[PDB]
Amino acid sequence: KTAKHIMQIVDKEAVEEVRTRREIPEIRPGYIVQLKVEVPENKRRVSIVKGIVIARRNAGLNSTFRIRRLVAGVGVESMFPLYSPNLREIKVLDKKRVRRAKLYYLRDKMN
Amino acid sequence: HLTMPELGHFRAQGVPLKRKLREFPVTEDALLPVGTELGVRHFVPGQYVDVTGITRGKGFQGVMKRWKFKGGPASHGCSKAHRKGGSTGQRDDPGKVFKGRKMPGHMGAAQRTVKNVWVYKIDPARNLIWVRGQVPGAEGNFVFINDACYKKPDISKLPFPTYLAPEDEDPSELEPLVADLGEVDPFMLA
Amino acid sequence: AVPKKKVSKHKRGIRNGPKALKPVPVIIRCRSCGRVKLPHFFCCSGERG
Amino acid sequence: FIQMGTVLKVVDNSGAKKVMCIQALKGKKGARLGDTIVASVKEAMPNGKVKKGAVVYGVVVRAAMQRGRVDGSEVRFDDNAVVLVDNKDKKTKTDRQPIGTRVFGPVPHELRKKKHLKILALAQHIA
Amino acid sequence: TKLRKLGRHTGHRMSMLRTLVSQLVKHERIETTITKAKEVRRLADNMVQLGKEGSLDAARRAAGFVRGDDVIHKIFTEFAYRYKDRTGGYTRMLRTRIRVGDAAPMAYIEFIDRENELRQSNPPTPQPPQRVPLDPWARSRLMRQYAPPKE
Amino acid sequence: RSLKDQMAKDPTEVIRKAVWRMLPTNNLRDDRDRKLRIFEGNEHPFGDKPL
RNA sequence: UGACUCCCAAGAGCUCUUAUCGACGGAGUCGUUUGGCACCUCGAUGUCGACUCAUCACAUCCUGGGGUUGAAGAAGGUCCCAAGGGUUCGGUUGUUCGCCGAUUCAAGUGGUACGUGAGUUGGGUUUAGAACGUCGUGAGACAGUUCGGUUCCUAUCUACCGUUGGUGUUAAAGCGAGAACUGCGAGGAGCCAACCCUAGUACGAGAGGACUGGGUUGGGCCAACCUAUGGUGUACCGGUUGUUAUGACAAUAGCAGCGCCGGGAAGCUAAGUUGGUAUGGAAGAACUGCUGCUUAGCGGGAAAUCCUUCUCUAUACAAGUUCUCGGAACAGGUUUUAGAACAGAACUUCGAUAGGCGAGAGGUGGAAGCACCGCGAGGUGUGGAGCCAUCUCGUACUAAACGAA
RNA sequence: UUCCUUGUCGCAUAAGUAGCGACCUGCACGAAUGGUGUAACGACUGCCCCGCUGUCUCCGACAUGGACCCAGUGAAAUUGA
Ligand SMILES: [K+]
Ligand SMILES: [K+]
Ligand SMILES: [K+]
Ligand SMILES: [K+]
Ligand SMILES: [K+]
Ligand SMILES: [K+]
Ligand SMILES: [K+]
Ligand SMILES: [K+]
Ligand SMILES: [K+]
Ligand SMILES: [K+]
Ligand SMILES: [K+]
Ligand SMILES: [K+]
Ligand SMILES: [K+]
Ligand SMILES: [K+]
Ligand SMILES: [Mg+2]
Ligand SMILES: [Mg+2]
Ligand SMILES: [Mg+2]
Ligand SMILES: [Mg+2]
Ligand SMILES: [Mg+2]
Ligand SMILES: [Mg+2]
Ligand SMILES: [Mg+2]
Ligand SMILES: [Mg+2]
Ligand SMILES: [Mg+2]
Ligand SMILES: [Mg+2]
Ligand SMILES: [Mg+2]
Ligand SMILES: [Mg+2]
Ligand SMILES: [Mg+2]
Ligand SMILES: [Mg+2]
Ligand SMILES: [Mg+2]
Ligand SMILES: [Mg+2]
Ligand SMILES: [Mg+2]
Ligand SMILES: [Mg+2]
Ligand SMILES: [Mg+2]
Ligand SMILES: [Mg+2]
Ligand SMILES: [Mg+2]
Ligand SMILES: [Mg+2]
Ligand SMILES: [Mg+2]
Ligand SMILES: [Mg+2]
Ligand SMILES: [Mg+2]
Ligand SMILES: [Mg+2]
Ligand SMILES: [Mg+2]
Ligand SMILES: [Mg+2]
Ligand SMILES: [Mg+2]
Ligand SMILES: [Mg+2]
Ligand SMILES: [Mg+2]
Ligand SMILES: [Mg+2]
Ligand SMILES: [Mg+2]
Ligand SMILES: [Mg+2]
Ligand SMILES: [Mg+2]
Ligand SMILES: [Mg+2]
Ligand SMILES: [Mg+2]
Ligand SMILES: [Mg+2]
Ligand SMILES: [Mg+2]
Ligand SMILES: [Mg+2]
Ligand SMILES: [Mg+2]
Ligand SMILES: [Mg+2]
Ligand SMILES: [Mg+2]
Ligand SMILES: [Mg+2]
Ligand SMILES: [Mg+2]
Ligand SMILES: [Mg+2]
Ligand SMILES: [Mg+2]
Ligand SMILES: [Zn+2]
């Protein structure tokens with residue numbers, strides 16, 4: 001119990017450390033977000049990524065979210081850690097009305 | 001919480017009552033007096049350590065989980081031998097099963113060591129060490145940390161025989177120490 | 001698989017040896033109802049219930 | 001995992017349209033994103049460099065199986081696609097010459113670390 | 001919490017637990033196996049807490065578990081008044097005997113703070129307001145102690 | 001193990017093994033091995049005994 | 001007979017017998033081939049192949065170390081040393097074998113009842129049905145083909161994998177215990193490739209192109225772990241079909257073997273993530289040199305051998321060591337990070353061990369009631385609402401010493 | 001129905017002792033022990049393709065019933081010692 005309590009304390013402090021240096025907006029399923037992603041594998045190449053949030057998981061500093069988009073006609077799904085330092089900027093562009101927390105039916109959608 | 005013999009051992013050594021005891025072999029110059037407090041500043045961030053603990057228990061286990069045996073087919077006539085070990089020897093020469101034949105039995109809850117475990121961060125205020133990757137054992141169980149044998153740490157950098165803090169030292173004033181990674185970007189020279 | 005030989009009384013006695021019953025170390029007797037019982041067994045409430 | 005029997009789309013202009021993987025060049029379980037496979041051509045255009053039934057090498061540029069990245073990110077594509085590369089010179093076990101001259105569709109960031117630099121140079125979209 | 005299977009499939013298990021809680025509310029004390037009582041105590045406490053909440057939503061949730069109009073009325077009137085200031089722990093279970101026939105250990109389980117309860121309960125004590133806990137490091141600093149002089 | 005390595009390791013075992021297989025194989029053998037006290041040097045603790 | 005080793009050396013090798021070979025003829029070794037015998041078993045020792053699990057020998061396929069070359073270098077040939085670790089997936093065929101395709105550092109040869117059916121299969125063969133060809137007057141036959149054709153056993157002993165109970169180990173309490181060790185001894189671990197630098201250097205006319213040393217990235221194998229990812233998550237949340245019931249409304253419950261769909265934390269798990277694939281010493285294989293001066297001695301010397309890292313280990317009977325206790329240790333109860341039982345570990349009332357209650361996190365996704373819009377299905381607001389599998393924190397209300405035991 | 005034989009050629013596959021189409025050298029086809037075809041039909045025996053999948057790469061989680069444990073009752077083959 002004390003071990004898990006220590007993990008929770010350290011995670012809470014780590015999350016509050018990040019949120020006082022960078023601005024991270026609230027991200028929900030169905031949100032159209034645009035973000036700039038630095039990929040350190042590809043010589044730290046920065047690209048702009050835009051898509052609809054289809055999934056989210058709240059796990060403290062290791063919270064994740066998933067983005068579905070079309071790139072040159074091919075559907076590309078990307079999962080990002082929310083507090084990753086390689087996300088330079090996150091903007092929320094639009095909010096679609098959805099009824100659920102996971103939108104995996106969008107993969108079977110024609111568009 | 002203690003039996004009377006253990007309580008008497010602590011009483012006659014003149015030390016406060018402890019939950020876990022472990023003995024470490026040392027050289028003669030590395031001895032410390034009874035009652036010396038050891039903190040996380042024994043280790044230097046960036047060094048490698050060996051971590052020993054009792055692994056996760058798995059109970060009684062079959063050959064497929066315990067030894068990665070392949071088992072049998074799920075169809076094509078196979079009769080009640082889907083997860084079994086198959087043959088356990090040869091016929092009459094040797095006429096016996098050899099020692100060490102991999103069979104079902106208890107798995108896990110055993111002592112194992114992970115070598116060359118990298119120390120990322122030292123937090124001396126809370127006596128916490130951040131160390132990269134997995135460590136054997138359950139949460140809340142005890143592990144034992146030594147210098148790494150394979151990647152031996154630098155002799156001139158280790159606090160010997162231990163880090164001896166002054167008593168005029170505040171718990172609030174110590175800041176965490178992170179391993180120095182250098183100034184050469186590993187993603188930009190490739 | 002069948003037994004190859006009859007089991008002797010010696011081997012049967014050796015097998016059944018550890019399966020002998022042992023006495024219970026602690027026995028409680030209630031002074032009111034007289035029930036003989038193990039610890040953590042309820043028999044009686046006190047008076048002025 | 002891309003393995004023996006996997007049918008892949010061909011997303012360059014080498015003339016082939018569909019291949020079936022023979023093996024992954026590395027890995028017991030098969031090929032992930034960025035790996036090189038041996039394949040045989042199942043469908044080809046009538047006028048192209050590569051004919052039906054030929055044994056070819058191809059670099060996986062789109063994969064339906066998710067692939068993790070160094071900072072915890074993941075990427076996943078809808079289908080499985082290859083770009084055909086030269087296999088006549090078998091002593092050059094490094095960055096191989098693409099057969100075609102154009103690459104259609106998105107291309108993973110993984111090609112730089114796996115040293116598929118010519119395909120990365122030929123690509124228009126990187127995901 | 002370890003939720004026991006009791007050798008029954010889910011429909012049978014939940015039907016039996018609902019029937020047992022209803023019989024416990026009706027009779028105020030029943031005898032069953034120790035394992036079944038360790039399962040029944042949590043659900044009986046949940047039913048009492050639903051009666052203490054007292055709303056229409058609580059009544060509809062409780063009517064989906066317990067059986068009988070007398071049981072739901074007893075829960076929402078008599079138990080609601082009786083356990084009004086008791087925080088939790090509305091039930092007591094005590095091992096009694098070994099059953100002939102299958103050597104099952106048996107236990108009484110009863111609602112407390114009533115006439116002819118098995119033991120006298122503690123008075124209903126309201127909980128103190130929520131304390132902010134100390135850090136595990138401050139607590140560990142305060143937990144250090146030596147052996148008492150007994151030699 | 002060679003005789004040279006055994007002599008380097010523990011030379012008393014050489015004598016103990018030579019004597020052991022020269023004794024009859026019965027239940028008295030280990031009692032007789034108990035009486036065989038071998039020392040690598042000139043020093044032994046039985047100086048108060050009638051040697 | 002077969003396989004392998006050796007002796008001779010005509011001849012081939014431009015010259016040159018033995019770098020590579022080797023006619024005519026000889027000597028052996030092994031016990032895998034084809035055979036010979038008929039000693040065991042006919043009051044039964046169940047086939048070939050596949051699967052699973054292996055283990056041994058070395059006459060070595062790869063990796064490691066060498067001598068020689070008809071060895072410039074690269075690539076090889078040949079022989080010696082070496083069994084530590086390895087030695088692929090597919091197409092046809094019942095096939096072993098073998099061919100073919102794609103690979104690989106390599107895709108070794110043999111023994112183990114041609115290892116392994118009280119461990120799996122049952123495709124071939126080798127009962128009874130049927131057909132073709134052929135042979136037979138015929139009933140039938142084939143060592144030819146073809147389609148079909150019951151695979152029993154609850155483990156007593158040895159062996160082996162695990163887990164405990166007792167017991168010897170004079171001690172001074174006729175001694176009984178709790179901890180912490182040491183390790184006689186045993187087991188495990190032992191791999192390889194590609195690229196880059198050294199270096200387009202050495203070598204070579206050129207084309208080509210190193211040894212040595214050091215890095216990086218992979219593959220395989222092994223040891224763990226669950227933060228995140230994926231799967232699952234049958235007493236969580238929501239949607240929904242048929243029916244029965246609570247008279248109806250409203251809100252639910254049972255069953256459709258989670259009724260069916262969409263999600264899902266913990267836990268488990270790999271498809272995920274980590275950690276190893278060392279170091280140092282000793283003795284030394286082929287081989288290599290130095291000293292001698294005929295007996296020898298000494299130095300160097302490999303993925304091999306022995307210690308060292310890792311795991312077990314005092315029933316290690318010469319039975320070990322240290323600290324402590326003496327109404328000690330157990331037992332019982334609540335549990336669990338542990339678990340078949342047993343065992344371990346926590347807690348056992350001057351107590352957070354479990355339940356309950358309260359708060360928060362997490363999941364789901366917007367409860368009911370009421371109001372407004374609409375003829376209506378329905379929509380909007382109140383309102384990140386309501387609910388609760390788990391996790392943390394607070395709290396003795398219940399059960400653990402409620403043991404006035 | 002062909003021993004030699006996995007005959008040879010063609011289609012097909014990355015690769016096909018299979019299958020289909022040829023050829024004729026029919027070991028040892030052949031005309032009511034019928035010859036050659038044939039729409040429809042077959043729980044008959046082959047071959048190929050699409051769909052689909054834990055058949056497999058490579059196995060994992062969960063659920064019920066046994067196996068485990070306690071209390072009742074209580075067999076079997078076998079057995080020179
Ligand atoms: K022989
Ligand atoms: K016979
Ligand atoms: K070699
Ligand atoms: K050589
Ligand atoms: K073998
Ligand atoms: K068999
Ligand atoms: K047998
Ligand atoms: K026996
Ligand atoms: K999970
Ligand atoms: K629902
Ligand atoms: K219904
Ligand atoms: K014929
Ligand atoms: K006819
Ligand atoms: K039929
Ligand atoms: Mg397998
Ligand atoms: Mg399987
Ligand atoms: Mg059967
Ligand atoms: Mg089965
Ligand atoms: Mg024998
Ligand atoms: Mg955990
Ligand atoms: Mg002895
Ligand atoms: Mg013979
Ligand atoms: Mg017989
Ligand atoms: Mg040899
Ligand atoms: Mg050379
Ligand atoms: Mg071998
Ligand atoms: Mg096929
Ligand atoms: Mg085959
Ligand atoms: Mg055999
Ligand atoms: Mg064999
Ligand atoms: Mg057998
Ligand atoms: Mg069987
Ligand atoms: Mg058959
Ligand atoms: Mg005839
Ligand atoms: Mg047949
Ligand atoms: Mg069988
Ligand atoms: Mg030893
Ligand atoms: Mg594993
Ligand atoms: Mg996980
Ligand atoms: Mg987690
Ligand atoms: Mg997940
Ligand atoms: Mg209604
Ligand atoms: Mg019903
Ligand atoms: Mg019915
Ligand atoms: Mg049901
Ligand atoms: Mg679901
Ligand atoms: Mg799920
Ligand atoms: Mg020498
Ligand atoms: Mg040396
Ligand atoms: Mg002893
Ligand atoms: Mg236990
Ligand atoms: Mg609690
Ligand atoms: Mg939420
Ligand atoms: Mg609802
Ligand atoms: Mg034939
Ligand atoms: Mg062909
Ligand atoms: Mg034909
Ligand atoms: Mg005829
Ligand atoms: Mg006729
Ligand atoms: Mg006819
Ligand atoms: Mg019984
Ligand atoms: Zn009584």
Side-chain angles (χ1 to χ4, degrees), chain A residues 1-4 6-7, chain B residues 1-3 5-6 18-25 49-74 78-91 94-117 131-146 148-150, chain C residues 1-4 7 11-22 24-25, chain D residues 28-29, chain E residues 1-9 33-35 38-39 103-105:
Chain A
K1 310 177 188 174
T2 315
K4 291 187 206 82
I6 286 180
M7 298 313 294
Chain B
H1 299 160
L2 295 157
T3 74
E6 300 187 78
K18 299 289 94 176
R19 189 159 284 275
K20 185 63 167 182
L21 294 176
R22 187 81 170 178
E23 174 165 340
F24 293 101
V49 290
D50 294 333
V51 191
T52 303
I54 306 298
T55 57
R56 297 283 299 152
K58 308 296 163 92
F60 200 96
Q61 283 305 322
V63 296
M64 287 190 80
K65 172 154 185 142
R66 216 181 152 198
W67 301 115
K68 279 81 72 177
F69 278 10
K70 289 193 278 289
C78 175
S79 189
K80 294 154 64 174
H82 302 281
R83 308 185 60 86
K84 292 188 182 187
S87 191
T88 68
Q90 306 85 55
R91 166 189 200 192
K96 70 174 168 173
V97 183
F98 287 127
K99 285 185 186 177
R101 185 74 266 141
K102 283 166 199 195
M103 298 183 123
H106 180 239
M107 177 180 180
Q111 166 171 324
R112 295 289 185 275
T113 304
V114 183
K115 299 205 182 76
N116 297 349
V117 181
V131 67
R132 171 176 68 201
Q134 52 97 8
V135 166
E139 291 145 330
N141 206 343
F142 295 99
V143 294
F144 324 109
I145 313 160
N146 292 111
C149 170
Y150 277 29
Chain C
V2 308
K4 195 74 170 174
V7 174
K11 291 311 213 327
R12 166 182 91 225
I14 280 178
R15 185 185 65 232
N16 284 297
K19 303 171 189 193
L21 308 188
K22 285 130 192 187
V24 166
Chain D
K28 185 185 290 300
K29 286 178 286 184
Chain E
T1 312
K2 194 184 82 152
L3 295 193
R4 286 163 171 108
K5 289 172 189 284
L6 299 156
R8 293 169 169 85
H9 70 262
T33 67
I34 189 73
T35 296
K38 265 168 192 188
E39 294 311 293

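By convention in this document, chain letters (A, B, ...) are assigned in the order of the sequence lines, proteins followed by strands, and residues within each chain are numbered from 1. Heavy-atom basis, side chains included; hydrogens, waters and symmetry copies ignored.
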Do [X] and [Y] have side chains that get closer than 4.5 Å, going by heavy atoms?
X      : Y      : value
B:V114 : B:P136 : yes
B:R19  : B:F142 : yes
B:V131 : B:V49  : yes

Under 3.5 Å, side chain of [X] to main-chain N/O of [Y], donor-acceptor pair present?
X      : Y      : result
B:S87  : B:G89  : yes
B:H106 : B:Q61  : no
B:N116 : B:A148 : no
B:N141 : B:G53  : no
B:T55  : B:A110 : yes
E:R8   : E:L6   : yes

Once rounded to the nearest 0.5 Å, what's the spacing between atom [atom1] of [X] and atom [atom2] of [Y]?
X     : Y      : atom1 : atom2 : value
B:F60 : B:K65  : CZ    : NZ    : 14.0 Å
A:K4  : A:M7   : NZ    : CE    : 11.0 Å
B:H1  : B:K18  : NE2   : NZ    : 14.0 Å
B:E23 : B:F144 : CD    : CZ    : 12.0 Å
E:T1  : E:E39  : OG1   : CD    : 9.0 Å

Might you work through the side-chain contact (heavy atoms from CB on, under 4.5 Å) test for B:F98 and B:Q90, ending with a clear yes or no?
CA-CA 10 Å; B:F98 287 127; B:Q90 306 85 55; 4.0 Å; yes

After noting the C-alpha distance and the side-chain angles of B:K115 and B:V51, does the key distance pass the side-chain contact (heavy atoms from CB on, under 4.5 Å) rule?
CA-CA 7 Å; B:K115 299 205 182 76; B:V51 191; over 6 Å; no

Around atom NZ of B:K96, are there more than 12 heavy atoms of other residues, nucleotides or ligands at under 6.0 Å?
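Incorrect, the count does not exceed 12.
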
What are the two closest heavy atoms between [X] and [Y], and how far apart are they?
X      : Y      : value
B:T88  : B:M103 : CG2-CE, 4.5 Å
B:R132 : B:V117 : O-CG1, 3.8 Å
A:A3   : B:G140 : CB-N, 4.0 Å
E:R4   : E:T35  : CD-CG2, 3.6 Å
B:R83  : B:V63  : O-CG2, 3.7 Å
B:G62  : B:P104 : CA-CB, 4.1 Å

Please walk me through it: do B:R66 and B:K102 pass side-chain contact (heavy atoms from CB on, under 4.5 Å)?
CA-CA 9 Å; B:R66 216 181 152 198; B:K102 283 166 199 195; over 6 Å; no

What's the verdict on side-chain contact (heavy atoms from CB on, under 4.5 Å) for B:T52 and B:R112, showing C-alpha distance, side-chain angles and the deciding distance?
CA-CA 6 Å; B:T52 303; B:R112 295 289 185 275; over 6 Å; no

